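Chemist: If it helps, the file is called work.tsv and holds TSV, C-alpha atoms:
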chain	number	residue	atom	x	y	z
A	372	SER	CA	-0.73	-22.53	9.94
A	373	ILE	CA	-1.39	-26.23	9.36
A	374	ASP	CA	-4.57	-27.98	10.50
A	375	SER	CA	-3.85	-30.42	13.31
A	376	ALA	CA	-5.54	-32.49	16.01
A	377	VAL	CA	-4.64	-34.92	18.80
A	378	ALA	CA	-5.70	-38.56	19.16
A	379	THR	CA	-5.54	-40.91	22.15
A	380	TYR	CA	-4.91	-44.66	22.25
A	381	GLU	CA	-4.14	-46.43	25.55
A	382	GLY	CA	-2.85	-43.33	27.28
A	383	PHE	CA	-0.67	-42.35	24.32
A	384	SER	CA	-1.22	-39.07	22.47
A	385	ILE	CA	-0.47	-38.87	18.74
A	386	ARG	CA	-0.52	-35.63	16.77
A	387	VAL	CA	-2.02	-35.72	13.26
A	388	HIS	CA	-1.26	-33.07	10.63
A	389	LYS	CA	-3.28	-32.48	7.45
A	390	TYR	CA	-1.93	-30.46	4.52
A	391	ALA	CA	-1.76	-30.50	0.74
A	392	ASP	CA	0.48	-29.74	-2.23
A	393	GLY	CA	-0.74	-26.93	-4.47
A	394	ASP	CA	0.59	-27.38	-7.99
A	395	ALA	CA	0.46	-31.19	-8.00
A	396	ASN	CA	-3.03	-31.16	-6.41
A	397	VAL	CA	-2.33	-33.92	-3.88
A	398	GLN	CA	-3.52	-34.22	-0.27
A	399	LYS	CA	-1.58	-35.99	2.48
A	400	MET	CA	-1.55	-36.67	6.23
A	401	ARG	CA	1.06	-37.61	8.82
A	402	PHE	CA	1.13	-39.00	12.37
A	403	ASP	CA	4.04	-38.47	14.76
A	404	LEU	CA	5.22	-39.38	18.26
A	405	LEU	CA	8.43	-38.64	20.17
A	406	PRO	CA	9.59	-41.16	22.82
A	407	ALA	CA	12.38	-41.10	25.42
A	408	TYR	CA	13.96	-43.82	27.57
A	409	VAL	CA	15.96	-44.12	30.79
A	410	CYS	CA	17.69	-46.95	32.66
A	411	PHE	CA	17.77	-46.27	36.40
A	412	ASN	CA	19.56	-49.32	37.79
A	413	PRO	CA	20.65	-52.31	35.66
A	414	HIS	CA	20.83	-54.50	38.79
A	415	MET	CA	17.01	-54.60	39.02
A	416	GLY	CA	16.15	-56.53	35.87
A	417	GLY	CA	17.23	-59.16	33.40
A	418	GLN	CA	16.15	-62.34	31.63
A	419	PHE	CA	15.01	-65.56	33.30
A	420	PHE	CA	14.75	-69.05	31.80
A	421	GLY	CA	13.82	-72.48	33.12
A	422	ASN	CA	16.77	-74.11	34.85
A	423	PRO	CA	17.62	-77.81	34.33
B	406	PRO	CA	20.30	2.95	26.77
B	407	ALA	CA	17.06	3.05	24.81
B	408	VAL	CA	15.20	6.34	24.39
B	409	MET	CA	11.66	7.41	23.54
B	410	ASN	CA	11.31	9.97	20.77
B	411	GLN	CA	8.97	12.93	21.19
B	412	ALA	CA	6.88	12.12	18.11
B	413	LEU	CA	5.87	8.68	19.41
B	414	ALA	CA	4.75	10.10	22.77
B	415	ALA	CA	2.83	12.90	21.07
B	416	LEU	CA	1.09	10.38	18.79
B	417	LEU	CA	0.24	8.15	21.76
B	418	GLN	CA	-1.37	11.03	23.66
B	419	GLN	CA	-3.17	12.40	20.59
B	420	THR	CA	-4.61	9.03	19.56
B	421	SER	CA	-5.68	8.24	23.12
B	422	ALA	CA	-7.50	11.57	23.32
B	423	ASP	CA	-9.07	11.20	19.86
B	424	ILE	CA	-10.43	7.70	20.53
B	425	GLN	CA	-12.35	9.01	23.55
B	426	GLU	CA	-13.39	12.21	21.74
B	427	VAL	CA	-14.84	10.59	18.61
B	428	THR	CA	-16.72	7.79	20.43
B	429	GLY	CA	-19.04	10.09	22.35
B	450	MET	CA	-33.17	17.46	27.19
B	451	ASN	CA	-31.29	14.82	29.17
B	452	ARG	CA	-31.97	12.13	26.55
B	453	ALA	CA	-30.66	14.25	23.67
B	454	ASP	CA	-27.29	14.64	25.41
B	455	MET	CA	-26.76	10.87	25.52
B	456	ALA	CA	-25.04	9.12	22.62
C	406	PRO	CA	25.76	2.72	38.55
C	407	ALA	CA	22.70	1.21	36.93
C	408	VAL	CA	20.24	3.47	35.12
C	409	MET	CA	16.61	3.27	34.02
C	410	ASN	CA	15.88	4.17	30.41
C	411	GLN	CA	12.88	6.42	29.81
C	412	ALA	CA	11.28	3.97	27.37
C	413	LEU	CA	10.88	1.32	30.08
C	414	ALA	CA	9.30	3.81	32.49
C	415	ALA	CA	6.93	5.05	29.78
C	416	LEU	CA	5.93	1.48	28.95
C	417	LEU	CA	5.36	0.70	32.63
C	418	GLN	CA	3.08	3.71	33.08
C	419	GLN	CA	1.21	3.14	29.81
C	420	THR	CA	0.59	-0.56	30.48
C	421	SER	CA	-0.50	0.12	34.07
C	422	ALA	CA	-3.00	2.73	32.85
C	423	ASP	CA	-4.25	0.55	29.98
C	424	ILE	CA	-4.90	-2.49	32.18
C	425	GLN	CA	-7.19	-0.42	34.40
C	426	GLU	CA	-8.80	1.36	31.44
C	427	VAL	CA	-9.70	-1.74	29.41
C	428	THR	CA	-11.05	-3.79	32.33
C	429	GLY	CA	-13.90	-1.42	33.13
C	450	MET	CA	-29.56	4.04	34.73
C	451	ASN	CA	-27.22	3.14	37.59
C	452	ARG	CA	-27.13	-0.53	36.57
C	453	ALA	CA	-26.17	0.26	32.97
C	454	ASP	CA	-23.11	2.22	34.15
C	455	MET	CA	-21.78	-0.88	35.93
C	456	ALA	CA	-19.60	-3.32	34.01
D	355	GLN	CA	19.31	5.01	17.87
D	356	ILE	CA	22.02	2.92	16.20
D	357	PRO	CA	25.77	3.28	16.88
D	358	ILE	CA	28.06	4.16	13.98
D	359	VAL	CA	31.49	2.54	13.64
D	360	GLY	CA	34.14	1.94	11.00
D	361	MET	CA	34.59	-1.32	9.12
D	362	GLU	CA	38.15	-1.85	10.36
D	363	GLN	CA	37.16	-0.91	13.93
D	364	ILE	CA	34.70	-3.78	14.50
D	365	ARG	CA	35.88	-6.49	12.09
D	366	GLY	CA	36.21	-9.81	13.90
D	367	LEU	CA	34.23	-8.63	16.96
D	368	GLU	CA	30.69	-8.49	15.54
D	369	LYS	CA	29.45	-11.56	17.43
D	370	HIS	CA	29.97	-9.83	20.79
D	371	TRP	CA	28.01	-6.73	19.78
D	372	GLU	CA	25.25	-8.78	18.12
D	373	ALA	CA	24.26	-10.52	21.38
D	374	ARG	CA	24.79	-7.69	23.88
D	375	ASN	CA	21.12	-7.81	24.95
D	376	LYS	CA	20.72	-11.58	25.44
D	377	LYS	CA	23.99	-12.32	27.23
D	378	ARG	CA	25.51	-10.37	30.14
D	379	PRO	CA	29.04	-9.42	29.06
D	380	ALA	CA	31.36	-7.76	31.54
D	381	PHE	CA	32.61	-5.42	28.80
D	382	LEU	CA	32.57	-4.82	25.05
D	383	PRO	CA	35.72	-4.82	22.89
D	384	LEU	CA	36.55	-2.32	20.17
D	385	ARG	CA	39.63	-1.02	18.38
D	386	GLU	CA	41.02	2.48	18.00
D	387	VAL	CA	41.08	4.59	14.83
D	388	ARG	CA	44.42	4.59	13.01
D	389	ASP	CA	45.64	6.57	10.01
D	390	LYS	CA	47.64	5.24	7.06
D	391	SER	CA	50.92	5.50	9.00
D	392	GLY	CA	49.67	3.47	11.98
D	393	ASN	CA	49.25	6.37	14.41
D	394	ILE	CA	46.25	6.51	16.73
D	395	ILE	CA	43.96	9.48	16.09
D	396	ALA	CA	40.75	8.54	17.94
D	397	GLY	CA	39.68	6.39	20.86
D	398	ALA	CA	37.91	3.04	20.92
D	399	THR	CA	34.48	4.60	21.52
D	400	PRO	CA	31.90	4.62	18.69
D	401	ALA	CA	31.98	7.69	16.48
D	402	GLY	CA	28.35	8.59	17.11
D	403	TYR	CA	24.71	7.58	17.08
D	404	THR	CA	21.73	8.20	14.83
D	405	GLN	CA	19.11	10.74	15.82
E	1	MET	CA	-45.50	-15.53	-19.56
E	2	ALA	CA	-42.53	-17.59	-18.34
E	3	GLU	CA	-44.50	-20.83	-18.29
E	4	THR	CA	-41.55	-23.05	-17.38
E	5	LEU	CA	-39.93	-23.02	-13.95
E	6	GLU	CA	-36.46	-22.80	-15.53
E	7	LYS	CA	-37.46	-19.54	-17.21
E	8	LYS	CA	-38.44	-18.18	-13.79
E	9	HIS	CA	-35.06	-18.98	-12.22
E	10	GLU	CA	-32.63	-16.96	-14.34
E	11	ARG	CA	-34.88	-13.93	-13.79
E	12	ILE	CA	-34.43	-14.45	-10.04
E	13	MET	CA	-30.67	-14.77	-10.54
E	14	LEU	CA	-30.56	-11.54	-12.56
E	15	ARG	CA	-32.59	-9.77	-9.86
E	16	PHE	CA	-30.16	-11.07	-7.23
E	17	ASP	CA	-27.21	-9.69	-9.20
E	18	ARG	CA	-28.98	-6.34	-9.66
E	19	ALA	CA	-29.69	-6.13	-5.92
E	20	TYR	CA	-26.15	-7.20	-4.93
E	21	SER	CA	-24.23	-4.86	-7.25
E	22	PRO	CA	-25.01	-1.42	-5.68
E	23	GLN	CA	-24.91	-2.28	-1.97
E	24	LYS	CA	-21.53	-4.05	-2.09
E	25	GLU	CA	-19.03	-1.57	-0.62
E	26	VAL	CA	-21.28	-0.53	2.28
E	27	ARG	CA	-21.79	-4.03	3.66
E	28	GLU	CA	-18.02	-4.47	3.40
E	29	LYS	CA	-17.53	-1.57	5.81
E	30	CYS	CA	-20.25	-2.93	8.11
E	31	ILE	CA	-18.65	-6.39	8.29
E	32	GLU	CA	-15.19	-4.87	8.74
E	33	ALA	CA	-16.43	-2.72	11.63
E	34	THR	CA	-18.12	-5.67	13.35
E	35	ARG	CA	-14.98	-7.79	12.93
E	36	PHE	CA	-12.72	-4.95	14.16
E	37	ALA	CA	-14.92	-4.54	17.25
E	38	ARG	CA	-15.51	-8.18	18.24
E	39	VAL	CA	-13.01	-10.64	16.73
E	40	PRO	CA	-9.98	-10.91	19.08
E	41	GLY	CA	-7.42	-10.68	16.28
E	42	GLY	CA	-9.53	-8.57	13.94
E	43	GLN	CA	-7.83	-5.22	14.57
E	44	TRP	CA	-4.66	-6.27	12.70
E	45	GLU	CA	-6.38	-8.04	9.80
E	46	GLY	CA	-4.88	-7.25	6.42
E	47	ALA	CA	-1.29	-7.46	7.70
E	48	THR	CA	-1.38	-10.61	9.84
E	49	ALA	CA	1.69	-12.16	8.17
E	50	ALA	CA	4.26	-9.38	7.80
E	51	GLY	CA	7.98	-9.30	8.47
F	54	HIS	CA	-8.32	-8.84	-19.37
F	55	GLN	CA	-8.34	-12.08	-21.36
F	56	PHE	CA	-7.25	-15.58	-20.35
F	57	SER	CA	-6.64	-19.13	-21.58
F	58	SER	CA	-7.19	-22.54	-19.99
F	59	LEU	CA	-5.49	-25.93	-19.73
F	60	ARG	CA	-6.59	-29.56	-19.92
F	61	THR	CA	-5.19	-32.23	-17.61
F	62	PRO	CA	-6.62	-35.60	-16.52
F	63	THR	CA	-5.92	-34.93	-12.82
F	64	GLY	CA	-5.04	-31.22	-12.56
F	65	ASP	CA	-1.23	-31.56	-12.39
F	66	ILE	CA	0.11	-28.27	-13.76
F	67	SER	CA	3.55	-28.36	-12.15
F	68	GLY	CA	5.56	-28.12	-15.37
F	69	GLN	CA	3.21	-26.05	-17.54
F	70	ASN	CA	2.93	-22.28	-18.04
F	71	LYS	CA	0.52	-19.77	-16.52
F	72	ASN	CA	-1.32	-16.73	-17.82
F	73	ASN	CA	0.57	-13.46	-17.36
F	74	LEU	CA	-1.16	-10.18	-16.56
F	75	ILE	CA	-0.48	-7.93	-19.53
F	76	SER	CA	-2.31	-4.62	-19.03
F	77	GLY	CA	-3.06	-2.06	-21.74
F	78	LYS	CA	-4.67	1.37	-21.65
F	79	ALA	CA	-6.78	3.62	-23.87
F	80	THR	CA	-5.50	7.18	-24.16
F	81	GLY	CA	-7.65	10.24	-24.81
F	82	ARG	CA	-6.46	13.71	-25.75
F	83	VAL	CA	-7.85	17.24	-25.75
F	84	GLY	CA	-8.30	19.30	-28.90
F	85	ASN	CA	-8.28	23.03	-29.65
F	86	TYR	CA	-10.40	25.89	-28.36
F	87	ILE	CA	-13.52	26.89	-30.28
F	88	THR	CA	-13.60	30.68	-30.13
F	89	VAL	CA	-16.09	33.20	-31.52
F	90	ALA	CA	-15.41	36.90	-30.94
F	91	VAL	CA	-17.17	40.09	-32.05
F	92	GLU	CA	-16.04	43.70	-31.80
F	93	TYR	CA	-17.72	47.08	-32.13
F	94	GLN	CA	-17.25	50.71	-31.15
F	95	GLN	CA	-18.83	52.47	-28.19
F	96	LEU	CA	-20.57	54.96	-30.49
F	97	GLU	CA	-22.20	52.09	-32.37
F	98	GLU	CA	-23.82	50.95	-29.12
F	99	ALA	CA	-24.67	54.59	-28.41
F	100	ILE	CA	-26.59	55.32	-31.63
F	101	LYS	CA	-26.79	52.25	-33.87
F	102	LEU	CA	-26.78	48.97	-31.91
F	103	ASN	CA	-30.32	47.97	-30.95
F	104	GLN	CA	-31.63	44.47	-30.19
F	105	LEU	CA	-28.13	43.24	-29.36
F	106	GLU	CA	-29.24	39.99	-27.70
G	305	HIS	CA	-46.25	-6.65	3.13
G	306	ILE	CA	-42.78	-8.16	2.93
G	307	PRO	CA	-42.19	-9.64	6.41
G	308	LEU	CA	-38.61	-8.35	6.67
G	309	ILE	CA	-38.06	-5.59	9.25
G	310	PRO	CA	-34.74	-3.71	8.87
G	311	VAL	CA	-32.97	-1.95	11.73
G	312	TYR	CA	-30.45	0.85	11.20
G	313	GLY	CA	-28.16	2.76	13.52
G	314	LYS	CA	-27.79	5.83	11.31
G	315	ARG	CA	-29.10	5.89	7.74
G	316	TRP	CA	-28.81	8.47	4.95
G	317	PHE	CA	-29.42	8.67	1.20
G	318	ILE	CA	-26.57	10.51	-0.52
G	319	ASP	CA	-26.08	9.54	-4.19
G	320	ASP	CA	-28.67	6.95	-5.29
G	321	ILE	CA	-27.17	4.72	-2.57
G	322	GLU	CA	-28.33	4.06	0.99
G	323	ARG	CA	-25.44	4.52	3.43
G	324	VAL	CA	-25.32	3.35	7.05
G	325	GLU	CA	-22.99	3.91	9.99
G	326	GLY	CA	-22.57	2.37	13.43
G	327	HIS	CA	-20.40	3.34	16.38
G	328	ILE	CA	-17.00	1.79	15.51
G	329	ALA	CA	-16.23	3.01	12.00
G	330	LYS	CA	-15.21	6.57	12.90
G	331	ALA	CA	-12.52	5.41	15.36
G	332	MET	CA	-10.69	2.74	13.34
G	333	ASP	CA	-7.67	4.84	12.32
G	334	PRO	CA	-6.70	6.26	15.77
G	335	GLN	CA	-6.98	2.82	17.40
G	336	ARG	CA	-4.84	1.02	14.82
G	337	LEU	CA	-2.33	3.88	15.00
G	338	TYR	CA	-2.20	3.59	18.81
G	339	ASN	CA	-1.53	-0.14	18.48
G	340	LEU	CA	1.38	0.48	16.11
G	341	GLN	CA	2.80	3.15	18.43
G	342	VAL	CA	2.66	0.75	21.39
G	343	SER	CA	4.35	-2.06	19.44
G	344	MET	CA	7.09	0.22	18.09
G	345	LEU	CA	7.78	1.54	21.58
G	346	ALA	CA	7.86	-1.97	23.07
G	347	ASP	CA	10.35	-3.54	20.67
G	348	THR	CA	12.61	-0.47	20.67
G	349	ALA	CA	12.68	-0.47	24.48
G	350	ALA	CA	13.38	-4.22	24.56
G	351	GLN	CA	16.33	-3.74	22.17
G	352	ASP	CA	18.77	-1.90	24.50
G	353	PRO	CA	18.14	-2.48	28.22
G	354	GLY	CA	21.23	-1.00	29.88
H	81	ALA	CA	39.50	10.76	-14.08
H	82	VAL	CA	40.69	7.31	-15.14
H	83	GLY	CA	44.02	8.68	-16.33
H	84	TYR	CA	44.68	10.56	-13.10
H	85	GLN	CA	43.79	7.52	-11.00
H	86	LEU	CA	46.08	5.28	-13.06
H	87	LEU	CA	48.89	7.85	-12.99
H	88	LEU	CA	48.67	8.08	-9.21
H	89	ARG	CA	48.63	4.28	-9.00
H	90	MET	CA	51.76	3.85	-11.16
H	91	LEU	CA	54.19	6.53	-9.97
H	92	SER	CA	56.27	4.32	-7.66
H	93	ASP	CA	57.13	2.15	-10.67
H	94	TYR	CA	59.51	4.85	-11.93
H	95	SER	CA	60.66	5.94	-8.44
H	96	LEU	CA	58.94	9.33	-8.42
H	97	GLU	CA	56.50	11.30	-6.26
H	98	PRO	CA	53.33	13.30	-7.01
H	99	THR	CA	52.92	17.06	-6.67
H	100	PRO	CA	50.12	19.03	-4.97
H	101	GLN	CA	48.68	20.35	-8.24
H	102	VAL	CA	48.38	16.84	-9.69
H	103	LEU	CA	46.72	15.71	-6.47
H	104	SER	CA	44.17	18.53	-6.65
H	105	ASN	CA	43.43	17.76	-10.30
H	106	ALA	CA	42.98	14.06	-9.51
H	107	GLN	CA	40.64	14.85	-6.61
H	108	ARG	CA	38.53	17.18	-8.76
H	109	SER	CA	38.30	14.64	-11.58
H	110	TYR	CA	37.33	11.89	-9.13
H	111	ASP	CA	34.62	14.10	-7.65
H	112	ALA	CA	33.29	14.82	-11.14
H	113	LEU	CA	33.25	11.09	-11.91
H	114	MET	CA	31.43	10.23	-8.68
H	115	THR	CA	28.83	12.98	-9.17
H	116	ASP	CA	27.52	11.46	-12.41
H	117	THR	CA	26.92	7.97	-10.99
H	118	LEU	CA	25.47	9.12	-7.65
H	119	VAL	CA	22.12	7.56	-6.72
H	120	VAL	CA	20.27	8.32	-3.47
H	121	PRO	CA	17.97	5.49	-2.34
H	122	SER	CA	14.61	6.11	-0.70
H	123	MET	CA	13.15	4.37	2.35
H	124	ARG	CA	10.01	2.35	1.65
H	125	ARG	CA	7.32	1.82	4.26
H	126	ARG	CA	7.56	-1.00	6.78
H	127	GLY	CA	4.66	-3.22	5.72
H	128	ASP	CA	2.70	-3.07	8.99
H	129	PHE	CA	1.88	0.60	8.41
H	130	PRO	CA	-1.87	1.36	8.27
H	131	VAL	CA	-3.20	3.04	5.14
H	132	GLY	CA	-5.60	5.86	5.91
H	133	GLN	CA	-9.30	5.80	5.16
H	134	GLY	CA	-8.71	8.51	2.56
H	135	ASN	CA	-7.09	6.04	0.16
H	136	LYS	CA	-10.42	4.16	-0.11
H	137	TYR	CA	-9.00	0.71	0.56
H	138	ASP	CA	-11.15	-2.41	0.38
H	139	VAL	CA	-11.53	-5.44	2.63
H	140	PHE	CA	-11.60	-7.30	-0.69
H	141	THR	CA	-7.83	-6.82	-1.08
H	142	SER	CA	-4.83	-6.68	1.28
H	143	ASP	CA	-4.53	-2.94	0.55
H	144	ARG	CA	-5.48	-2.23	4.18
H	145	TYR	CA	-1.71	-2.16	4.82
H	146	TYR	CA	1.41	-1.40	2.82
H	147	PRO	CA	2.84	-4.47	1.03
H	148	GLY	CA	6.28	-6.06	1.25
H	149	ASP	CA	6.08	-8.69	3.98
H	150	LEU	CA	6.82	-12.05	2.29
H	151	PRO	CA	4.66	-14.20	4.61
H	152	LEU	CA	3.50	-17.82	4.83
H	153	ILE	CA	6.47	-19.92	3.75
H	154	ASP	CA	5.02	-22.93	5.59
H	155	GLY	CA	5.04	-26.45	4.19
H	156	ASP	CA	7.12	-29.57	4.76
H	157	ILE	CA	10.53	-29.72	6.50
H	158	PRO	CA	9.11	-29.53	10.04
H	159	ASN	CA	10.56	-28.18	13.33
H	160	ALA	CA	9.87	-24.64	12.09
Write the structure described by the file as structure tokens, please.
Modeler:
Amino acid sequence: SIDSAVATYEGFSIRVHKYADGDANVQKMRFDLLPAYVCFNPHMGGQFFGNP
Amino acid sequence: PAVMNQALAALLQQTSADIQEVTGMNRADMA
Amino acid sequence: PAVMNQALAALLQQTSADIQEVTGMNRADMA
Amino acid sequence: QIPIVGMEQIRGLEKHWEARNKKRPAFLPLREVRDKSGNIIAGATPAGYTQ
Amino acid sequence: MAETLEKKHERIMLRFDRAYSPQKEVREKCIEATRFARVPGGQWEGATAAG
Amino acid sequence: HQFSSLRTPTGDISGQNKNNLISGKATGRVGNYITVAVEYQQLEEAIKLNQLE
Amino acid sequence: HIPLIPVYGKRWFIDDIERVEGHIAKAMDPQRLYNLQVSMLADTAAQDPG
Amino acid sequence: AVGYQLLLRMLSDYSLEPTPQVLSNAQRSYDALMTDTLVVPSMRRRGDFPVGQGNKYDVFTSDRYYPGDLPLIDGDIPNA
């Protein structure tokens, strides 16, 4: 029971929540996102620099 | 194992019958 | 051996009947 | 219906009876009823059930 | 004579109150019946959050 | 019921008090019967009581 | 005339008040008792399967 | 009652043993003591129980059902 919506920005979805504090009479919002990472094979990447 | 009491079954049947009963010269017979 | 409680059988029958009941001058009688 | 047991008959084994419907235990453990002298007077089955 | 328009407005407000007061509990039943018949969650309203 | 209000520049009432719902009643009581009774003999109705109403 | 045209299902005048009725009001209690019966059977059955 | 309970609890101090009459008196006194303080609780309604149309409830209030539910504790501290 909290008002919410979903936004999109370059194929990334971000959930926005809107709620308020009663006694203090203050409104606030928040944006969240939850990522996850993998590394399949370390032998397929690295760093390259100009050789002498 | 779980059991079903007689009162619940009786209430189920009675309420199911009552819903249909309450909610309803040829024209006068129609609701 | 395994047994079937009467509550599960009653729920099966009641749900099976209710699905058919809820989901439905000649034209007016049709759903 | 709820089974009825004694405090000293199920103490330390409540977690097995609490989750008997989510897990698939092969059996359920319970103790026997003992008097003040340590003699066994009743079996490990529950005393009864509510009506 | 109620020459001013402001004098004509509180009379309208009083008439609105007089018309609203008697027919208050009947329209409540009408709205409740419509909501109970059509709104998908309207048959449990009044106890939605209970536990 | 009767109430009281507060004054605050922004509406912050976190640490203040609130009105409590004290309810009182007015009690009524019954009194005593008001009784008027008359009595007369049968013979008086027979020979002497006329225009009773 | 006032251009408002009211429509009533069933209308009566009982005590200085106009009272109306449709086709749902008389069956509210049995339906919301049936719902409670179904819920109380369902959870009780789901409590102890075997 | 208190004296009988204490007497039963402090017999082994003097290396003695109770007698059936004292036991019966102690039991009777204990029953008398427990009778006075006995309270029998009553079962209140669930809170999802409909209230009949005869009580003249109002859509204005939550009297359409019996109270005692403690709902809507939402706020911060997410993952709930």
Chemist: Can you tell me which residues surround range 377-380 of chain D at a distance of at most 12 Å, considering all atoms listed in the file, apart from same-chain residues fewer than 6 positions away, and format the answer as a PyMOL selection string?
Modeler: (chain D and resi 369-371) or (chain G and resi 352-354)
Chemist: Would you list which chain D residues are within 10 Å of chain G using only C-alpha atoms, as a list in words?
Modeler: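 Result: residues 355, 374, 375 and 376 of chain D.
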Chemist: Residues near range 31-39 of chain E, anyone? I mean within 6 Å using only C-alpha atoms, not counting same-chain ones fewer than 3 positions away, as a PDB file with C-alpha atoms, in the coordinates of the input.
Modeler:
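Output file part_30.pdb is given in full below:
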ATOM      1  CA  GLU E  28     -18.020  -4.470   3.400  1.00  0.00           C
ATOM      2  CA  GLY E  42      -9.530  -8.570  13.940  1.00  0.00           C
ATOM      3  CA  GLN E  43      -7.830  -5.220  14.570  1.00  0.00           C
TER       4      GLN E  43
ATOM      5  CA  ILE G 328     -17.000   1.790  15.510  1.00  0.00           C
ATOM      6  CA  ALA G 329     -16.230   3.010  12.000  1.00  0.00           C
TER       7      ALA G 329
END
Chemist: Could you check which of G:342, G:320, G:334, G:306 is closest to residue 426 in chain B, using only C-alpha atoms?
Modeler: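 Of G:342, G:320, G:334, G:306, the one nearest residue 426 in chain B is G:334, counting only C-alpha atoms.
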Chemist: Taking only C-alpha atoms into account, find every residue of chain G that has an atom no more than 10 Å from chain E, and write it out as a ChimeraX atom specification.
Modeler: /G:320-332,335-336,339-340
Chemist: Neighbours of range 59-65 of chain F within 9 Å (only C-alpha atoms; same-chain residues fewer than 6 positions away dropped), as a PDB file with C-alpha atoms, in the frame of the given file?
Modeler:
ATOM      1  CA  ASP A 394       0.590 -27.380  -7.990  1.00  0.00           C
ATOM      2  CA  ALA A 395       0.460 -31.190  -8.000  1.00  0.00           C
ATOM      3  CA  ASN A 396      -3.030 -31.160  -6.410  1.00  0.00           C
ATOM      4  CA  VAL A 397      -2.330 -33.920  -3.880  1.00  0.00           C
TER       5      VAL A 397
END
Chemist: Work out how far CA of residue 400 in chain D is from CA of residue 360 in chain D, in Å to one decimal.
Modeler: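 We find that CA of residue 360 in chain D and CA of residue 400 in chain D lie 8.4 Å from each other.
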Chemist: Please find the residues of chain A near chain H - the criterion being any atom within 12 Å, counting all atoms listed in the file - and write them as number ranges by chain.
Modeler: A: 372-374, 388-393, 399-401, 403
Chemist: Ranking E:10, E:24, E:15, E:40 by minimum distance to chain H and counting all atoms listed in the file, which one comes first?
Modeler: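 Closest to chain H, using all atoms listed in the file: E:24.
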Chemist: What does the distance between CA of residue 309 in chain G and CA of residue 451 in chain B come to in Å, to one decimal place?
Modeler: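 Distance between the two atoms: 29.3 Å.
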Chemist: What does the structure give for the distance between CA of residue 411 in chain B and CA of residue 414 in chain C, in Å to one decimal?
Modeler: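 Computed distance, CA of residue 411 in chain B to CA of residue 414 in chain C, equals 14.5 Å.
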Chemist: Do a neighbour search on residue 49 in chain E at 10 Å with only C-alpha atoms, toss out local chain neighbours closer than 6 positions, and write the hits as a ChimeraX atom specification.
Modeler: /H:127-128,149-152
Chemist: Find the axis-aligned box for range 409-414 of chain B, covering all its listed atoms and adding 5 Å on each side, and write its centre and edge lengths in Å to one decimal as AutoDock Vina command-line options.
Modeler:
--center_x 8.2 --center_y 10.2 --center_z 20.8 --size_x 16.9 --size_y 15.5 --size_z 15.4
Chemist: Neighbours of range 74-79 of chain F within 9 Å (all atoms listed in the file; same-chain residues fewer than 2 positions away dropped), as a ChimeraX atom specification?
Modeler: /F:54-56,72,81
Chemist: For chain H against chain G, with a cut-off of 10 Å and counting all atoms listed in the file, what is the closest atom pair and its distance in Å to one decimal for every residue that makes the cut, ordered by chain and number, as JSON lines?
Modeler:
{"residue": "H:128", "atom": "CA", "partner": "G:340", "partner_atom": "CA", "distance": 8.1}
{"residue": "H:129", "atom": "CA", "partner": "G:340", "partner_atom": "CA", "distance": 7.7}
{"residue": "H:130", "atom": "CA", "partner": "G:336", "partner_atom": "CA", "distance": 7.2}
{"residue": "H:131", "atom": "CA", "partner": "G:333", "partner_atom": "CA", "distance": 8.6}
{"residue": "H:132", "atom": "CA", "partner": "G:333", "partner_atom": "CA", "distance": 6.8}
{"residue": "H:133", "atom": "CA", "partner": "G:333", "partner_atom": "CA", "distance": 7.4}
Chemist: If I only have part of range 22-28 of chain E, can you fill in N, CA, C and O atoms and write it as a compact mmCIF listing (two decimals), keeping the file's coordinate frame?
Modeler:
# COMPACT_ATOMS: atom_id res chain seq x y z
N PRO E 22 -25.19 -2.76 -6.26
CA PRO E 22 -25.01 -1.42 -5.68
C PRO E 22 -24.55 -1.43 -4.23
O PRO E 22 -23.63 -0.69 -3.86
N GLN E 23 -25.18 -2.26 -3.41
CA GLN E 23 -24.91 -2.28 -1.97
C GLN E 23 -23.81 -3.27 -1.62
O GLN E 23 -23.99 -4.16 -0.79
N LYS E 24 -22.65 -3.12 -2.25
CA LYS E 24 -21.53 -4.05 -2.09
C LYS E 24 -20.42 -3.48 -1.23
O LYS E 24 -19.84 -4.20 -0.41
N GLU E 25 -20.11 -2.19 -1.38
CA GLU E 25 -19.03 -1.57 -0.62
C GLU E 25 -19.47 -1.06 0.74
O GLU E 25 -18.62 -0.76 1.58
N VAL E 26 -20.78 -0.96 0.98
CA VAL E 26 -21.28 -0.53 2.28
C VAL E 26 -21.28 -1.69 3.27
O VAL E 26 -20.85 -1.57 4.42
N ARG E 27 -21.78 -2.84 2.82
CA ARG E 27 -21.79 -4.03 3.66
C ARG E 27 -20.37 -4.48 3.99
O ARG E 27 -20.13 -5.06 5.06
N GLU E 28 -19.42 -4.20 3.10
CA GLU E 28 -18.02 -4.47 3.40
C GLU E 28 -17.56 -3.69 4.62
O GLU E 28 -16.93 -4.24 5.52
